[PDB]
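Novice: Below is the structure I would like to discuss, written out as structure tokens.
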Amino acid sequence: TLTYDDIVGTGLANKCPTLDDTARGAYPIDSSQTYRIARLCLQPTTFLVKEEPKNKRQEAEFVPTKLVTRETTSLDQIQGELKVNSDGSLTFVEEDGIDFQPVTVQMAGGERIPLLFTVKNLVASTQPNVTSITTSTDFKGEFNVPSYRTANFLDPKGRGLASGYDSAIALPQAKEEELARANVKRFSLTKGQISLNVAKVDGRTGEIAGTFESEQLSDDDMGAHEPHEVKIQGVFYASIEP
Amino acid sequence: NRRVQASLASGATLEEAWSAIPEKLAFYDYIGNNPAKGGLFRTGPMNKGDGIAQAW
Amino acid sequence: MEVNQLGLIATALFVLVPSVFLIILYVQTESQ
Amino acid sequence: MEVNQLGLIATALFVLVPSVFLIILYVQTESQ
Amino acid sequence: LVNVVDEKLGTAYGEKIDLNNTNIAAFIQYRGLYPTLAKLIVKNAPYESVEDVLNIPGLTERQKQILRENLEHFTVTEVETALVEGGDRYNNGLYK
Amino acid sequence: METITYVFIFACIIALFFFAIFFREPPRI
Amino acid sequence: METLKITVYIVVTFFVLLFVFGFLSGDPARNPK
Amino acid sequence: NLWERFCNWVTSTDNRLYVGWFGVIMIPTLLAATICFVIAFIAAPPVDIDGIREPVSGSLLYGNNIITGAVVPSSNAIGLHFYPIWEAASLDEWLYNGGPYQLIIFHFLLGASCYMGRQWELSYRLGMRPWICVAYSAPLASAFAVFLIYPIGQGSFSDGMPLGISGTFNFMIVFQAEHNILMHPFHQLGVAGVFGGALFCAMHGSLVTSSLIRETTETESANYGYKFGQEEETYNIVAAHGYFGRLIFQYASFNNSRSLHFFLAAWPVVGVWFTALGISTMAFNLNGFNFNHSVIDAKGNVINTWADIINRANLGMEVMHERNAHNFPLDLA
Amino acid sequence: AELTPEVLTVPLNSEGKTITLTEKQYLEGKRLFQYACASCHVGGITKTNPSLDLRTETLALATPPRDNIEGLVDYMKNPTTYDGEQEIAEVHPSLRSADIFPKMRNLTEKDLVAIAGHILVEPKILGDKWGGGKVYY
Ligand code: CLA
Ligand code: CLA
Ligand code: CLA
Ligand code: CLA
Ligand SMILES: CC(C)=CCC/C(C)=C/CC/C(C)=C/CC/C(C)=C/CC/C(C)=C/CC/C(C)=C/CC/C(C)=C/CC/C(C)=C/CC/C(C)=C/CC1=CC(=O)C(C)=C(C)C1=O
Ligand SMILES: CCCCCCCCCCCCCCCC(=O)OC[C@H](CO[C@@H]1O[C@H](CS(=O)(=O)O)[C@@H](O)[C@H](O)[C@H]1O)OC(=O)CCCCCCCCCCCCCCC
Ligand SMILES: CCCCCCCCCCCCCCCC(=O)OC[C@H](COP(=O)(O)OC[C@@H](O)CO)OC(=O)CCCCCCCCCCCCCCC
Ligand code: HEC
Ligand SMILES: CC1=C(/C=C/C(C)=C/C=C/C(C)=C/C=C/C=C(C)/C=C/C=C(C)/C=C/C2=C(C)CCCC2(C)C)C(C)(C)CCC1
Ligand code: OEX
Ligand SMILES: [Cl-]
Ligand SMILES: [Cl-]
């Protein structure tokens, strides 16, 4: 068993728990019981940002980016209710935990894309009739993506939503109709999509693991500009408890 | 025109044939990219003249 | 008139740089 | 950055004119 | 482009304690609301009406009548995302 | 163009250092 | 990056060794008198 | 006897610029810090100094001039952690987190420390007295205070003085709001050291120039009255002392040139030594005098002084500095 | 302006009864407040919980009422939350927990009255400065 002093500064603290190759079993789901997820963990390994196309109007592609905010990207200790609904399908309802991480990635050209990698208020369901969580079980649902900055955040000129100025004080007699998008701050709240694909199951412990893929929007700088389409891939780990 | 006629021969509509033409190819067929249309004291890039090409 | 904004410095440097060159050579010729 | 259009020419003359004045004085001294 | 926070000051939120948005620290301005009932109110938020605060599970008859004595100081507007996110209801970043 | 101006002046100063050191007026006793 | 780290480490060591061995090479004797 | 040839050239007194063994370390480090500084000051991307994902632009190509330009300190997320290039996954990450800052100041502090030692070395090779380096310790300690010692006490290189003109001012203003450096007797000794230094510099300069013995005419510079390496002194200290001794009183003037010049070295060096230690001691939060609400009337009302007005100004910097970096009411880090 | 007896006159209980403190008594309550309270309660605020201050208006709306000597002395013996729903002597200095808060050991009954008085007298002198914060510095 490893301790904190064995892990500190190594980067393993940002790594989700894994299961060995011999964990391809199945965890039975009994409709008579109540189930929960005691620990959900999401570790991103790749960040894709959709290029904003020229004017070609043909399919826009997701380009690879480079992480510059280091090993601070993993979600963990996410717990929630695992309900067995009428048609046998399972559904996870996210409740609490470290369900968000601010992440900044850099695109080719030098452009930096800050984003709030999150799964807040996630409601992910499975196909009907899931007697057991197998290595082919998929979880698909939606989550809420709140603003990157909260309401108290102040820009370099002291403007903000719940605080700060409401104009460009450095330009006392400038027409404010042009700077309206920069003077008036807006709090964003968009929806995200994610698919959790199970590949490993330990039926004795209730531990599952696999890969996930989420699609969300990046930072809009409190309405200052248009966000980007971001795709996040990686692995996940979850433990089921009755 | 050869690429369009070949498309019409394969059984494509007029809207389909011209849509199969690459924007990069049509852009070459524009006198604004002709190097013999400038001026001695018309300085800078070509985008300073006709502008930055956005779409066909 | 909307003229070339770099036209001013280009004209000024076009005058100053070679003119100074000749002034430098002349003054140091008289002092010999 | 939307800077002053005279910033370039004012800075260029501020360097060139008095520095030229010095260069001229120097060359006519070594020639003496 | 309108500042929703400023715009919400023009509603009942700017007059009374909004049970769906107002920071928990405002419950101190009245007797016997902080921090017990204050925690309960925010936790069970939002409410479609002010009187819905009386149907919180686990309330004693003493607690119910304290809430009744302060219904006139309470109000309910639409939940504002900018006031409820980031756990601002428990800590809006304002101290002294 | 502002950058070019700033760098140009800085470059001239460094150049001036080189001439004021290695091509100075030699002090004689 | 590993290549860079090794390179700098070798470079630093080289110069530090020059400093130590240099001053150990009878430095007090190196004076006009 | 081959390594001996290298040692002789290193310690050679016939080089245009003295190398020396201190220089063996000084030259590479200073070149490293300088080259990185020039590049970063011009073309470096924004840096998240406060470690709150709020990058601060410091280079010319990113919208700065000479006055506003700076090399931005490393991230607060880093703290006192050693952050070389090979500790980053990429140069992009390294630049985002304020990598160049640590690389420069560390090579610089090393180079500068060797510079001081290099001063002793040449003086030993020439048969001089070796205390000129001791005088250079005064500004070197000052650099160590704002680049190394203060970040240590505070726990982050993000609270180090930025490599820029405006960034320097930012360092001074935030410092006053947290340490009240103005009301600290060590900065006050520093002010007395640099004001007095400038005074005495102007003073010594004027008195010697005034007592210059006529060797030239009116149609030529007075400087040509002195020849390099001449046996005779170019001025008359007797006349100079006669003047300054009557400007005040004779016993307030120096008749000893060695004693006078020593004072010229002692006063600003000692003064800067204290203001260096000022930053170094305030790094561990031993702050300036606090006389807020010190004067109280009979009833109990606070009778404000000039100190309370200074406090109001300090409050203004405090509540505004790093407007997004604080989540708790007390500013400790 | 002086420290008049009417300024030093503070409410005793919750039914109108009052008491006029002496000047030395106030100076004692000031010294004892700096001794065992100032660490968290400088200027009438609360560093470890800025939501609650030592303002008379705030103390009055507390449960039980703390805008009197009888109320404050009881709080210094058995402190509770603002609604008095639970006892917090385990995390707040008091006679009940003077074992874990050693500075409350040598505090006599007389010492508690002086401290309670100073808490009531000070806002009558400083006004909104008491419990105001850095805004009123
Ligand atoms: C072989 C040389 C050459 C060529 C073919 C180009 C070509 C180009 N340059 Mg480049 N450039 C060059 C050298 C060259 N450059 C050099 C040496 C420099 C360093 C100073 C630059 C600096 C430079 C910049 C800064 C820029 C370009 C740009 C350009 C583009 C536009 C040029 C333009 O409008 O010119 C205009 C040409 C003229 C107006 C003709 C000048 C004719 C002179 C004045 C005649 C002089 C007559 C003489 C005084 C009389 C003698 C009399 C006798 C009795 C002695 C083009 C791609 C531009 C661009 O698009 O950048 C993205 C741009 O911004 N160039
Ligand atoms: C004079 C040579 C010199 C010196 C002293 C330094 C010193 C430094 N460089 Mg620099 N550097 C140099 C040349 C030098 N550099 C050159 C020429 C280049 C161009 C290739 C670079 C390129 C470079 C880069 C790219 C980086 C540095 C960085 C560093 C730092 C970490 C180096 C390290 O980990 O060393 C490890 C070395 C050792 C452990 C030495 C082992 C052997 C000795 C003998 C052990 C005993 C040492 C002990 C102190 C006693 C010494 C003797 C005496 C004083 C008592 C440090 C401030 C890094 C930095 O700034 O990070 C923030 C960084 O990223 N340097
Ligand atoms: C009106 C002029 C004036 C005067 C008299 C002073 C005087 C003083 N200033 Mg102030 N100051 C002034 C203007 C002045 N300042 C202005 C305009 C500014 C800018 C806004 C400042 C900014 C400033 C700062 C930032 C600081 C001071 C400080 C000081 C002290 C030390 C100064 C020093 O050592 O200077 C250098 C000069 C000398 C060393 C020469 C000798 C000076 C002394 C004082 C002469 C004493 C004469 C003596 C009484 C005569 C005896 C006669 C007989 C019995 C023998 C001193 C109390 C410092 C302080 O607060 O210290 C506690 C400090 O930190 N000043
Ligand atoms: C009248 C007003 C006044 C005055 C006279 C001073 C005077 C002083 N202040 Mg104070 N200060 C003031 C107002 C004032 N202050 C106010 C109002 C505030 C509040 C905003 C402050 C806040 C403040 C702070 C926070 C600090 C000072 C410091 C200082 C000192 C600065 C000089 C120094 O450190 O030299 C020392 C010399 C150096 C630092 C230079 C080192 C150079 C190295 C060795 C080499 C560099 C080489 C270079 C990179 C390349 C050269 C190239 C070339 C060879 C070609 C000095 C004692 C500083 C101090 O005491 O530092 C110790 C300091 O940190 N002041
Ligand atoms: C209306 C009426 C009544 C009219 C009547 C007028 C009347 C008759 C008056 C007579 C009565 C009378 C005397 C009244 C005066 C009353 C009175 C007390 C006035 C005083 C006013 C006053 C306080 C003035 C200030 C005093 C003052 C200037 C003190 C200065 C102290 C001081 C800073 C000393 C430092 C000096 C010092 C250390 C110098 C060394 C440093 C240095 C760089 C020196 C440079 C240097 C020095 C050399 O030495 C030489 C050699 C050379 C080379 C050289 O580099
Ligand atoms: C109750 C407390 C009791 C005290 C407790 C301790 C307090 C501290 C005591 C410190 C005593 C220091 C004695 C120093 C002697 C000395 O330095 O001699 C060196 C020379 C010798 O003088 C020269 O001396 C010569 C004689 S001799 O050879 O030196 O003996 C002579 O020939 C010549 O004319 C003469 O000028 O002294 C001088 O030149 C006079 C001016 C020197 C001023 C002092 C040095 C600088 C002080 C700090 C300045 C900055 C501080 C402020 C910064 C803002
Ligand atoms: C002819 C004087 C011109 C002075 C102009 C500057 C005045 C500054 C304000 C007063 C300063 C007071 C201190 C004087 C100090 C003092 O006492 O001076 C005295 C000195 C004369 O002294 P002496 O003749 O005794 O000198 C003897 C010689 O041997 C020198 O040591 O006068 C000058 O040096 C004049 C040159 C000043 C040059 C200053 C820099 C000018 C830069 C101009 C840049 C222009 C750019 C244009 C761009 C388009
Ligand atoms: C730091 C451990 C503290 C010290 C020392 C003292 N107090 Fe305090 N007090 C502290 C907190 C965090 C709080 C608020 C928490 C809560 O739920 O009550 C308080 C509160 C009070 C109150 C109540 C104020 C009100 O509005 O009702 C009183 C009357 C009070 N404290 C008194 C008091 C005295 C007299 C102290 C010195 C013996 C003292 N406190 C010290 C934290 C701390
Ligand atoms: C063309 C072009 C351009 C530019 C121009 C310019 C601006 C130029 C400049 C140039 C320059 C302006 C250059 C300069 C140079 C300098 C130098 C080259 C110097 C050097 C020096 C040295 C090398 C020295 C060193 C040293 C030593 C040796 C030791 C001691 C120290 C010292 C430092 C002294 C533009 C952008 C328009 C556009 C593009 C094209
Ligand atoms: O980072 Mn730069 O300045 Ca040192 O104090 Mn705390 O932290 Mn932030 O506030 Mn104030
Ligand atoms: Cl700041
Ligand atoms: Cl904080």
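Naming scheme: A, B, ... for chains in displayed order of the structure tokens; residues 1 onward per chain; ligands 1 onward as shown.
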List the spatial neighbours of segment 18-29 of chain F as a list in words - criterion: any atom at most 7 Å away, only C-alpha atoms, same-chain residues fewer than 4 positions off excluded.

Specialist: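 So, after excluding close chain neighbours, the residues are residues 14 of chain F; 228 and 229 of chain H.
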
Novice: Name the residues in contact with segment 7-23 of chain E at a cut-off of 9 Å, using only C-alpha atoms, excluding same-chain residues fewer than 2 positions from it; report them as a PyMOL selection string.

Specialist: chain E and resi 2-5+25-27+41-42+45-47+50+53+72-81+83-84+88-92

Novice: Keeping only C-alpha atoms, take the residues you just selected and write them out as a PDB file, in the first residue's frame.

Specialist:
ATOM      1  CA  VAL E   2     -28.015  43.561 -19.242  1.00  0.00           C
ATOM      2  CA  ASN E   3     -26.336  43.081 -15.864  1.00  0.00           C
ATOM      3  CA  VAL E   4     -28.633  40.472 -14.311  1.00  0.00           C
ATOM      4  CA  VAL E   5     -27.329  41.210 -10.807  1.00  0.00           C
ATOM      5  CA  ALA E  25     -25.136  35.893   5.913  1.00  0.00           C
ATOM      6  CA  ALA E  26     -28.266  38.033   5.551  1.00  0.00           C
ATOM      7  CA  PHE E  27     -30.210  35.758   7.916  1.00  0.00           C
ATOM      8  CA  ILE E  41     -33.564  27.231   4.052  1.00  0.00           C
ATOM      9  CA  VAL E  42     -30.682  27.457   1.573  1.00  0.00           C
ATOM     10  CA  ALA E  45     -34.009  25.950  -1.965  1.00  0.00           C
ATOM     11  CA  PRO E  46     -35.508  26.851  -4.377  1.00  0.00           C
ATOM     12  CA  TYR E  47     -39.116  27.546  -3.393  1.00  0.00           C
ATOM     13  CA  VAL E  50     -42.368  31.964   0.605  1.00  0.00           C
ATOM     14  CA  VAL E  53     -40.251  27.136   3.686  1.00  0.00           C
ATOM     15  CA  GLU E  72     -42.791  39.337   6.029  1.00  0.00           C
ATOM     16  CA  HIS E  73     -39.027  39.730   5.660  1.00  0.00           C
ATOM     17  CA  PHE E  74     -38.738  36.974   3.052  1.00  0.00           C
ATOM     18  CA  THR E  75     -39.440  36.852  -0.683  1.00  0.00           C
ATOM     19  CA  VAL E  76     -39.026  34.558  -3.691  1.00  0.00           C
ATOM     20  CA  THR E  77     -37.778  35.453  -7.165  1.00  0.00           C
ATOM     21  CA  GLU E  78     -36.477  33.315 -10.024  1.00  0.00           C
ATOM     22  CA  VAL E  79     -33.187  31.559  -9.299  1.00  0.00           C
ATOM     23  CA  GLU E  80     -30.294  33.617 -10.634  1.00  0.00           C
ATOM     24  CA  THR E  81     -27.392  31.497 -11.871  1.00  0.00           C
ATOM     25  CA  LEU E  83     -25.856  34.395  -7.476  1.00  0.00           C
ATOM     26  CA  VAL E  84     -26.069  30.663  -6.771  1.00  0.00           C
ATOM     27  CA  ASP E  88     -21.763  32.012  -3.355  1.00  0.00           C
ATOM     28  CA  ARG E  89     -24.828  31.491  -1.158  1.00  0.00           C
ATOM     29  CA  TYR E  90     -22.512  30.231   1.583  1.00  0.00           C
ATOM     30  CA  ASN E  91     -19.605  32.526   0.724  1.00  0.00           C
ATOM     31  CA  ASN E  92     -20.088  35.419  -1.697  1.00  0.00           C
TER      32      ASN E  92
END

Novice: Would you name the residues within 8 Å of ligand 8, counting only C-alpha atoms and all ligand atoms, and put them as an NGL selection string?

Specialist: (:E and (35)) or (:I and (32-33 or 35-41 or 46-55 or 58-63 or 65-66 or 72-73 or 75-76 or 79-82 or 88 or 91-94 or 104 or 112 or 115-116 or 119))

Novice: Write as number ranges by chain the residues around ligand 5, taking 8 Å as the cut-off and counting only C-alpha atoms and all ligand atoms.

Specialist: H: 199-208, 211, 237-245, 248, 252-257, 260-261, 263-264

Novice: With only C-alpha atoms and all ligand atoms counted, collect every polymer residue having an atom within 8 Å of ligand 11; state the result as a PyMOL selection string.

Specialist: chain H and resi 170+174+320-323

Novice: Just want the residues within 8 Å of ligand 7, written as a VMD selection string, counting only C-alpha atoms and all ligand atoms.

Specialist: (chain D and resid 13 to 18) or (chain H and resid 209 221 to 224)

Novice: Around ligand 6, out to 9 Å and counting only C-alpha atoms and all ligand atoms, which residues are there? I want them as JSON, numbers by chain.

Specialist: {"H": [186, 188, 189, 190, 191, 192, 193, 194, 195, 196, 197, 254, 255, 256, 257, 258, 259, 260, 261, 262, 263, 264, 265, 266, 267, 268, 269, 270, 271, 272, 273, 274]}

Novice: Give me the residues of segment 12-115 of chain H that have any atom at most 10 Å from an atom of segment 5-23 of chain G; for each, the nearest atom pair and the distance in Å, rounded to one decimal. Use only C-alpha atoms, sort by chain and number, and format it as CSV.

Specialist:
residue,atom,partner,partner_atom,distance
H:20,CA,G:22,CA,9.1
H:21,CA,G:19,CA,5.5
H:22,CA,G:19,CA,7.1
H:23,CA,G:19,CA,9.0
H:24,CA,G:15,CA,6.7
H:25,CA,G:15,CA,6.4
H:28,CA,G:15,CA,8.9
H:29,CA,G:12,CA,9.8
H:84,CA,G:5,CA,8.9
H:85,CA,G:5,CA,8.2
H:86,CA,G:5,CA,5.9
H:87,CA,G:5,CA,8.9

Novice: Would you mind exporting the chosen residues as a compact mmCIF listing (two decimals), in the first residue's frame, restricted to C-alpha atoms?

Specialist:
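Result file is result.txt:
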# COMPACT_ATOMS: atom_id res chain seq x y z
CA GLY H 20 39.68 35.13 -13.49
CA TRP H 21 38.28 32.04 -11.79
CA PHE H 22 35.22 33.94 -10.60
CA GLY H 23 34.81 34.99 -14.23
CA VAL H 24 34.86 31.35 -15.34
CA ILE H 25 31.45 31.11 -13.67
CA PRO H 28 28.53 31.89 -18.90
CA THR H 29 25.86 32.70 -16.30
CA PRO H 84 13.89 24.63 -14.85
CA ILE H 85 12.98 23.88 -18.48
CA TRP H 86 13.38 20.12 -18.09
CA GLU H 87 10.76 20.09 -15.32
